[PDB]
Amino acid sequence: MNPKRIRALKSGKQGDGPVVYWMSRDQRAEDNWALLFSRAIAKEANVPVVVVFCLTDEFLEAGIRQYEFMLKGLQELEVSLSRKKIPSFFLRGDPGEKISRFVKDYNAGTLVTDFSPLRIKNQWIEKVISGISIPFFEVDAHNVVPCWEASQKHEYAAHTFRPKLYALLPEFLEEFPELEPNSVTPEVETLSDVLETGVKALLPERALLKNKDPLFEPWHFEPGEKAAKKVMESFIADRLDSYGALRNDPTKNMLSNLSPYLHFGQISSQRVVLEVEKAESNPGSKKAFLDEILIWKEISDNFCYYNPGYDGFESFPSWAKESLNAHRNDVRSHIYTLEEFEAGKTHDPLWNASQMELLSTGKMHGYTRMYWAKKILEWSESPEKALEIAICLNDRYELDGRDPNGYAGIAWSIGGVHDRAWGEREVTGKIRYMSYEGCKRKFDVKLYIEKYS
């Protein structure tokens, strides 16, 4: 139990009621430091621990693909916490109003939440802090090394963040203790009813094709903590050996496919790292996978934590802002509207095929995501519009959307964040360029296009 994983958000007088875990980013019962630290405080206070999840009003800004994935996993989580005598309460509305009301009604003694550097999470914290008088703690349950401990500033490159993260691995990469159940039963609606009403509200905005048929295919990834562990086990046994060799081939399914589970926190990345470290596979493919799930994943939290404007043009490096400004008035080859990007109606068949994998599966290949966003910058009127369009289609149709990985991934493609300067071209400036012929020399672009008609 490392005290560097927990941070105090507000001091106060501890009540004599249950310890409340405001779960948000990490929706899992196992390998949850936030839940484990809440249980330890409750045990030392001779009081039970309870879980409170908030069903926010911002769900209509996404889709059914994300609403169903999250709520189906929360239904499985409700049973898991019930087996540990840990009751869960699912509130509907503003977190600033619901959490403050729950704390006062249930005589909460201490409040704990998990860590997320997103702007919307800091908005909820500001509202909750003003409405409570009990101690308020937060715990980094998503990163192996706490985001405030890995680096005290923003790291501009992966080769500067890698030696800092690996130096702290022997301290923070440890096994998880077992979640002790409550000593006894500690004495607001059914999730199935909340899913039915929310789906009916999202139905008019459902992504459809010409035949009025749904575009999304929900049989590619089954939600839940149990289905997440099966994906990890199958990846280590079948795909890890060839990961470093075929991670850049969109025609092969050699990725772990763990991001939808990782985003909603249905599986701990620290658990995935532990099982991969003890696995005996290709040393080149192991170094490649640990680079993505540790460095690039946690450098995205570093970027969002230390950059308030992580979604804006001001967070770009000075060399990128000066390069893009010098080419702002360059006549773009094409200018597509948001509705043309959304429906995949560009002159690039490779770009259209990437958008149809996004629309149909909700998880577009990691390599084509780089090409998909860089073409948005090439076919937009300004880098600012390219950011809005990329963020919109990302958060709406990706299952792992609305994640620090997405904003840091978009900043890398459009603004060269965590990148270097390259050959100066028109429109795109010194931002790294990915051409269509360059992709034809890396993989079979025809098979990727034909798969997503």
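Between two forms, the rigid core is defined as the largest C-alpha subset superposing within 1.5 Å. Sequential numbering from 1, following the sequence displayed.
RMS Cα deviation from the shown model in 6 other deposited structures of this protein, rigid core fit, is larger for 58 to 66 than for the other stretch of the pair 58 to 66 / 42 to 50.
Taking the root mean square of CA deviations in 6 other deposited structures of this protein after fitting on the rigid core, 72 to 80 and 212 to 220 differ, and the farther of the two is 212 to 220. Compared with the other entries of this protein, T185 is frequently left unbuilt, missing from a third or more of those that build its neighbours. Unmodelled residues of the deposited sequence between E187 and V188: 4 to 9. On average the C-alpha atoms of 40 to 48 have higher B-factors than those of the other stretch, with 402 to 410 and 40 to 48 being the two compared.
The stretch 100 to 108 shows the higher mean C-alpha B-factor when 100 to 108 is compared against 135 to 143 in the entry. Taking the deposited Cα B-factors for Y166, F264, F303, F115, the highest one is held by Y166.
When the C-alpha B-factors of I293, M232, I376, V194 are read from the PDB record, the largest value belongs to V194. Among all modelled residues in this chain, the alpha-carbon of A150 has a temperature factor (C-alpha) in the middle third. Among all modelled residues in this chain, the alpha-carbon of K321 has a temperature factor (C-alpha) in the lowest third. Among the modelled residues of its chain, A207 has a C-alpha B-factor that falls in the highest third according to the deposited record. Among all modelled residues in this chain, the alpha-carbon of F53 has a temperature factor (C-alpha) in the lowest third. In the deposited entry, the Cα temperature factor of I431 sits in the middle third of values across the chain's modelled residues.
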